[PDB]
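In the block that follows, a single chain appears as C-alpha cells, in the form deposited in one PDB entry.
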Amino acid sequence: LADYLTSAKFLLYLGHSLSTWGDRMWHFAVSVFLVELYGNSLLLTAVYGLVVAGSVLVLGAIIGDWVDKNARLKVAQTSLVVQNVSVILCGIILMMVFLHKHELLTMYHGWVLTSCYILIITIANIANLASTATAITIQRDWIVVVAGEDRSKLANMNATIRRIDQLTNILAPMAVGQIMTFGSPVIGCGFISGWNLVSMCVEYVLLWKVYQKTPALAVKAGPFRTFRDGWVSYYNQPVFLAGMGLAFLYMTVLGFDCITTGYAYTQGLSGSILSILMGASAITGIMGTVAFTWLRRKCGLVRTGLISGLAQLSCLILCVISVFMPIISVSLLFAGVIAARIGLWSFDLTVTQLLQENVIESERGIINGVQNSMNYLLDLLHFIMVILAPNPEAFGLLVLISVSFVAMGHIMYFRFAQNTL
C-alpha cells in the first residue's frame, strides 16, 4: 500500500534493518579473522572486548553530550558516514590480510602481525563508537518523537525493532558463511564493503526522507566538566535504580558468547544442534517481545519488569541446578538459558521504555550515553572475570556468579518498584 510505503515508520524499519545487517556481517567477518589468523585465542578476544568496553566507558558521556547540542539530521548523518566509512576501510584491510595470510603467518617478523591486529582493533573500536552514537540518537530520540503522545505505538515500534534485530542476528551470519564457503574470505570481505557503501547511500537518502516527512523533528526544544555533570545528573534520576538493574544483567556468561560455545563444544555437541539452538533462542526472544507487548497492554508498564524478573529467575533456577546434577547437566543448562531468554528480553524492553519516556527532553543523549557507559562497565568486569577463569570448572563457578548478579539486578528493580508504587 502506498500509505504503508510512504509513512515515516516503514522507512525507519528499513534503515534499521539495513544497518543491522551490515553490522552483523562485519562482526562475523572480524570473528572469522580472529579464528583464522589466531586460532580464536580466548585471551585476544577478551582483550578486544576490554578495549571496546573501556573505550565506551570513558567516552559515552562525551558522545551523549555531543549528541545533545547539535542538530538531529546533522549528527545522524555524520555518525552514519563515520560508521560506514570505518567499516569499508577496515574491510579492505581484512581483504588484504586474508589474501597474504600464510605469508604473514610463516615468513614475516611477528611485529607486522601484531600491528595488523591492533590496527583492526583500533578501527573496529571507532566503528563501535559510531554505532553507539547512531543507536543513541535514533532509538532514544528519533523513535520517541516520530510517535507522539500515544504510548502503544512506541511499544510496538520497540517490539518490532527488537524482532528485526533477533532475525538478522541469525540470518546474516548464515549468509556470510555461505558466501565464504562457496567463495573465499577475500570475496566475503569485499561483498561486505560493497554492501556497506550502497547501504550508506540508501540510508542517507532514507534519513533525509524521514527528516522531510515529520516537521516535528526539527524543533529542538533544548574536558571533564560535562563528564562529571552528566554522571552526577544520572545518579539522581528517578529511574536510576531500574537503569542500574538493567545494567547489571550484562554481567553474565549464560548466553551465546566466546566462552559458553567453547564449553558446549567441549561437551561434544555438533554444529547442527548449535544452529537449531540459536534458532530456538531467536524464537524465545520473539516470544519475549510479544509477551512484553501483551503484558504492557494489560497490567502496566512497571509490573512487567517484575513478571519478567520472576520468569528469568525461575528458569535460572534450572540453570543453577544444572551444575550439581553425561547429558542431563548440559540439557538442563541449555533449556534454562533458552527459556530465560524470554524474561531477559521482555525485562530489558520495559526498562528501555521506562528510560525513554520519563527523562527530560533535553537530556536524552547524555544520560543514555551514561547508561551505555554503565552497561559496558559491567561488560568489562565480565570480560575481566573470564580472563582469570578459563578452566571448565571455573565455568561451573561463573554460572553461579552470573545468577547471583541477575538476582542483584532484580533486587534493585524491586526496590525501584517499591519506591514508585
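All residue numbers are counted from 1 along the displayed sequence. Take the two forms, superpose them, and find the largest set of C-alpha atoms that agree within 1.5 Å; that set is the rigid core.
Separately, the form solved in complex with a small molecule exists; it is not shown, and the next lines address it.
A.B. asks: Tell me, please, which stretch of 264-272, 89-97, 244-252, 113-121 lies within 4.5 angstroms of the small molecule in the deposited bound form when heavy atoms are compared?
C.D. replies: This holds for exactly one stretch, 244-252.
A.B. asks: Indicate whether residue 141 is a 4.5 Å heavy atom neighbour of the small molecule in the deposited bound form.
C.D. replies: Residue 141: no, not in contact with the small molecule in the deposited bound form.
A.B. asks: With a 4.5 Å heavy atom cut-off, would you call residue 258 a contact of the small molecule in the deposited bound form?
C.D. replies: Yes.
A.B. asks: Does residue 68 make contact with the small molecule in the deposited bound form, using a 4.5 Å heavy atom cut-off?
C.D. replies: Result no; residue 68 lies far from the small molecule in the deposited bound form.
A.B. asks: Residue 52: heavy atom within 4.5 Å of the small molecule in the deposited bound form?
C.D. replies: Looking in the deposited bound form, residue contacts with the small molecule include residue 52, since a heavy atom lies within 4.5 Å.
A.B. asks: Name the single residue among 76, 136, 319, 344 that comes within 4.5 Å of the small molecule in the deposited bound form, judging by heavy atoms.
C.D. replies: By the 4.5 Å heavy-atom cutoff, the listed residue in contact is 344.
A.B. asks: Quick one: with the rigid core lined up, which of 260, 168, 131, 237 moves its CA 2 Å or more between this form and the one not shown?
C.D. replies: If I go through the list carefully, the shifting residue is 260.
A.B. asks: Does the C-alpha of residue 272 move 2 Å or more between this form and the one not shown once the rigid core is lined up?
C.D. replies: Yes; residue 272 is a residue whose C-alpha shifts (by 2 Å or more) between this form and the one not shown when the cores are overlaid.
A.B. asks: Specify closer or farther for residue 385 and residue 263: how their Cα atoms are spaced in the deposited bound form versus the shown form, given a shift of 3 angstroms or more.
C.D. replies: Here the pair is farther apart than in the deposited bound form; there, closer.
A.B. asks: Taking the shown form as reference, are the C-alpha positions of residue 407 and residue 260 brought closer or pushed farther apart in the deposited bound form, with a change of 3 Å or more?
C.D. replies: Relative to this form, farther apart in the deposited bound form.
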